[PDB]
Protein chains: 4
Amino acid sequence: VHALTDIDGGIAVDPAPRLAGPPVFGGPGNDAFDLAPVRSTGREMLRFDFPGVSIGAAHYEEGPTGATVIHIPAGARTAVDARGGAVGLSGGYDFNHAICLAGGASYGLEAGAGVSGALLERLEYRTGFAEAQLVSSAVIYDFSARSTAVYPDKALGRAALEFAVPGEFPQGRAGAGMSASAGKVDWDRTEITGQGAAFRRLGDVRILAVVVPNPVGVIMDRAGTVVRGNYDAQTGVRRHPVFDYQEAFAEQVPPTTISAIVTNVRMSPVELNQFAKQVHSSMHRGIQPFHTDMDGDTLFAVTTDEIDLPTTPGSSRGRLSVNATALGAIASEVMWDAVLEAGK
Amino acid sequence: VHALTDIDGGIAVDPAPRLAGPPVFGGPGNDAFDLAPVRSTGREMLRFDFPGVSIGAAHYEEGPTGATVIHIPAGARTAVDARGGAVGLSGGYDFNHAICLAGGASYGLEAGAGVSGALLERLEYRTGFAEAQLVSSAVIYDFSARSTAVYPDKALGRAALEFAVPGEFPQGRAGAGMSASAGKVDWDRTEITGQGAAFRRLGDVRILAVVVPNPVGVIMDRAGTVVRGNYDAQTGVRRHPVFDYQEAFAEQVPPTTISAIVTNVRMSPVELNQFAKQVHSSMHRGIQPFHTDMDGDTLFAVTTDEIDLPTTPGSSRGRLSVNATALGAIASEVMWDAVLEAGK
Amino acid sequence: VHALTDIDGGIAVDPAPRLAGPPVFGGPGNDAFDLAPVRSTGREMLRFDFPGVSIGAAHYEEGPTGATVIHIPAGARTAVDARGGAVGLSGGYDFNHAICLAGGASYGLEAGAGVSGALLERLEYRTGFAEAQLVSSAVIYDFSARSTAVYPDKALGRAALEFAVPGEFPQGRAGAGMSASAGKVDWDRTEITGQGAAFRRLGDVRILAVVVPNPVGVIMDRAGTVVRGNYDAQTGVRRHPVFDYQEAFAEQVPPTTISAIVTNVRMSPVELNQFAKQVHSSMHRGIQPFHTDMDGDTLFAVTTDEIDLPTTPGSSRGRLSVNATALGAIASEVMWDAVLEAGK
Amino acid sequence: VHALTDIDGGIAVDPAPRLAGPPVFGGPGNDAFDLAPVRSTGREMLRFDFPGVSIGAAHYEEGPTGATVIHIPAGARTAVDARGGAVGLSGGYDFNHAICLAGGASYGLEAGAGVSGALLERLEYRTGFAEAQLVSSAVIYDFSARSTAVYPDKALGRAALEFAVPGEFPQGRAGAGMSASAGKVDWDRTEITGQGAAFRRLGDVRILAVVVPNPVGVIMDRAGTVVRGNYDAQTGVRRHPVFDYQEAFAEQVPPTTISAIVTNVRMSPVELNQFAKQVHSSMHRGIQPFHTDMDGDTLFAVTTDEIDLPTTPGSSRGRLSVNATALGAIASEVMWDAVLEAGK
Ligand code: NA
């Protein structure tokens, strides 16, 4: 069919629409509840063998809105590619023990504070300057998809860390993905997405991709079909946004996605940083448009620094076939699967 | 079939292979020739109506290698998105009278100096504070695809500017595109590309896309077919690089594209900058992988600031259907067309 | 005396040493106490006339540690210059309703979340896309100046906002400045500093400088005298760090400051951004060394956009005498005063 | 007298004025002259012992304008801090065989091309994939200190490379420093500066500072005295710019420096990059104001990666006394000396 047929996993995206509904304001905030953190389990659990990497997800049913926390206890070297125009971010350290992704827009950054505080307690409040427990956080604005103003707070972040376990990730509406949505040319056509992950082991090489797509654009599959977002209930069709944009221009102008890619392959800070950018850009294949002024698109690239690539890039497949760029490209397909899991 | 069928123009990419051949090192440089600039006409000439924007292209047969210059006499606000890990850039100004694209790797930045010197002469050497004739230059490494070390020098850049005429662009092997090539997992599979352009007018809105793709990755069409690069002569097939990278890791790890988008729509510095990133990332659809450490990918987004978008984004197609993001997305498809013309 | 003599106001910095004491990187944390927020009054109250700008400061005696909040109810355009190698920053928005400075290293970023939560309550929980109350926060590591692990939390941040009043700032050991210290070539020579603010009105032009210096380097006055940090109790002398570093290299290699500048002068994003960098770099005069890999130096430049500079920069003092650069240089002196107040 | 007295070398700055005169445009350019390169010898030759680092400097009398080239044949890891708001840069590579500093504003970037083209010819046009000879260039606008439009062209950059010799730097009016000038609140008070260099060896540690100050601000010595720039011929006094700016505002608003630091101490890309920023910011001590919107301030930090620093930072002078921050501070003083040599 197309060039990527033989690496497509045939994810079974549900053709059924799930419009997010109209923007209804006046909803109750955090101070209207004795909020109870709930462990997020999603529609399905992904389980994977990546020692040292744990994941927790929690949500409030009041929202619904949640946080998803990637816990790497030992700490890991990190590059951040904040490429969107509306990025809400905390820390953005080049070394992290946890990455916290959350709804609630800028207010949801508080969840990450809950994680860092909890990690300090777990360190029993040791305060060496080279002993900081570092947490980077990113947020999506999910207030449009729901009639409540509840936001992931300190307690929910702490809960998410507490609910963290090795090698598991809740697919679908869970954690930060509870009220994520796509396709925002018009809110009438916006669909709920969710969060998604995917994992691959290549020999000893491990790659985990985590994504919470709350795009202005729509989610598309490797066949080039729009599978989530911009659904018109009148036509039953999901058109690529560019057709609405085209027509909007003819009429009126007459003459956020937060993600993480985690691997165990050793990369220098410059390799890791470019790796981050490559994989982030590859996501404009599965999300369109992407990296727009409206989006706060932020990808974290994390390495546990456990295995080395060969000193020379050579193989029987080519002289330049085993390096970071080859990895970022294998990783790009894992991330696309993760995006399709979120949109499934 | 796929979501972008209705905006695809059916560019007829030639199935016929054009491998670059193997790397032959030790050829003669500029010193070995009395180099005479040839005006580039390419396989075909695109003509477009965009007042104030001219293009010139020149090459040395002795390379073969060349330079392509976008000349906007009145000067135009510019944003630069230098994403790759191997960028060769000069100037990078937020306002430019010319953009110079050339082969010859870093040495070919000299062609842009030839343009700036020539423009200074034209201004009769005026050097007042606000009178700079600003030129931004970017290069590709095109020495692989030939057995000569001749690079675009000061003279060639000057020639390219002199050959510059309104509303024309030579498609294919012309200017900077004379020895551009794609698909470099192994040089045996590498194919010659070329340079390409496309133009679209929407009412008064104008969008020109110029591209010189010399990717590590390959060129792909909207159907998802690899149409240029990584051609295996033994199989007659162009596989997606990921399959080569995949097998290479199994075996060995057991357990540049320079482009410009030029429009006449008024955008603030922030909008133009984000517009550049969006359009640049969108190119990872037509080129894969893209923005890699091996690539010096650089896109210039240029506006002549001649027409306004409405103060509100609304239209019958949605409340957020007329803005810079909408424009960047219409522009993304013009650029894909340009990439296909280069790989045609 | 020196070029700046006529601009200096003879701030009376106390000659008396106040070494922080040997660091015990640890101690009782926030859970060991029932933390009671204390409105900070420091050693002295600075009173200024800048309508629209309020300041609150709070601390926990149990640290001691604290948070200082600048609250601009109407919101103001902001530029962030995060220059150090160990920055702890949340938000970093280009438009803020509050800036939150705090101790507690990264953990202290929680205080800023307390402010943003409060502000969302005050807005009775409206979450309109353009209704966000935005808060940017930065932190200093002040665990080395105390035998405690208490850090500014959500509650302390909220208190600081609550204690915020127009035109008042608590000089000295107050808010974020409670346990700030300077001069860390060795902790045995490290002195407590504090927080400081200065204010100047030029006609209608207003300039407020707020600073919390916790440098690796030392504070120095306009005469070039080290007046806080790197105090050697044996000699009674504060040497410039460079002499220690110099000696250290002969022997062993044989052959954070967070600040804000708030003004009412209209500046474009580009101008405000460059204004921020200029003022920030000017602080390497009063703090040496500065912008080091060990520091997380961050300056916020905030404008209430109320008065215009003339369209041309001319005056009797010169053709380039009235512009943003002129302002950033008037502002640089205000900020140096604030630094000296902090070290007083 | 002041904290730095003991590190000051008592550079004998000439008190005599050397006003640049006013900007007068319309003068003849390169086409009016049969330009021949002159090896710049300046007022005085600095000799230094730094194997592997050469310096060439050439100028055209007809400008007078020139280029200064730092040649490191073996190539060296580089970080670039381009702070200013009016930067003119070519290449900016993280690995360089030469750094080219020149007058002639953006047009002067052409001199760098002359270097690169000459290096290619030396390599005999070996275009090996990784045999690139990389040259990074920066420029100052010196067209305001002379009545000509002559700019450093390809031939002059070549000449500066060809005149390059080990361990020699021509102080004063030489190379890029021919028509550099300082203090530009008004052109009538602007003074010619020059270029400067200083060198220090600590054991086997070697630090070379090169600077071409063409500041909007004025050069100041360690005592805080204005020594070059803003000289009023009527008063015989050089005031600090802030006094002119301060008076300008009352009246009208009623109610580039390019430089390089070269060392042989091994630093990681992240260390080298922050080292660059620290040293660059330190220069606001000797140049005031600095890093302004009107300046294109660019500093290159280059390491030959020859000596290691200890694995721990400890010494008798303190726990944190031997590291890249310590080196960047030792380097800061070498750079200040070079600034004073330029203004001498
Ligand atoms: Na001539």
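Per chain, numbering begins at 1; letters A, B, ... match sequence-line order.
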| C:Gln133, part contacting chain A, at a heavy-atom distance under 4.5 Å | both
| task | Spell out, as yes or no, whether a donor-acceptor pair under 3.5 Å connects the side chain of C:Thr257 to the backbone of C:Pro213. | result | no
| field | Part of C:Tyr93 lying under 4.5 Å from any heavy atom of chain A | value | side chain
| Between A:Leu123 and A:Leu119, is a side chain to side chain contact (heavy atoms under 4.5 Å, CB included) present by the stated rule, with each step listed? | CA-CA 6 Å; A:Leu123 224 192; A:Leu119 289 181; over 6 Å; no
| N/O donor-acceptor pair under 3.5 Å between A:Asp94 side chain and A:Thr78 backbone | no
| query | Ignoring hydrogens and geometry, is there a side-chain-to-backbone donor-acceptor pair from C:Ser90 to A:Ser90 under 3.5 Å? | reply | no
| Can you tell me if A:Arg83 uses its side chain to pair, donor with acceptor, with the backbone of A:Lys277 under 3.5 Å? | yes
| query | Can you say whether C:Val87 sits under 4.5 Å from chain A via the side chain, the backbone, both, or neither, judging by heavy atoms? | reply | backbone
| remark: Ranking C:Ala149, C:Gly29, C:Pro23 by heavy-atom pairs under 4.5 Å to chain A gives rank one to C:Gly29
| remark: chain C shares the most heavy-atom pairs under 4.5 Å, among A:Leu89, A:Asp153, A:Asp31, with A:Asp31
| request: Side chain from CB out, backbone as N, CA, C, O: work out which of these in C:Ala105 comes under 4.5 Å of a heavy atom of chain A, or both, or neither. | output: neither
| For chain A, which of C:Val24, C:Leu120, C:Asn30 has the most heavy-atom pairs under 4.5 Å? | C:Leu120
| Under 3.5 Å side-chain donor-acceptor pair for C:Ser181 and C:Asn214 | yes
| Any ion pair linking C:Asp244 and C:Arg189 (charged N to carboxylate O, less than 4.0 Å)? | yes
| Contact winner vs chain A - C:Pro28, C:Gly114, C:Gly91, heavy-atom pairs under 4.5 Å | C:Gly91
| note | Under 4.5 Å to a heavy atom of chain C? For A:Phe25 that would be side chain
| said: Quick check on C:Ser106 against chain A: is it the side chain, the backbone, both or neither that has a heavy atom closer than 4.5 Å? | reply: both
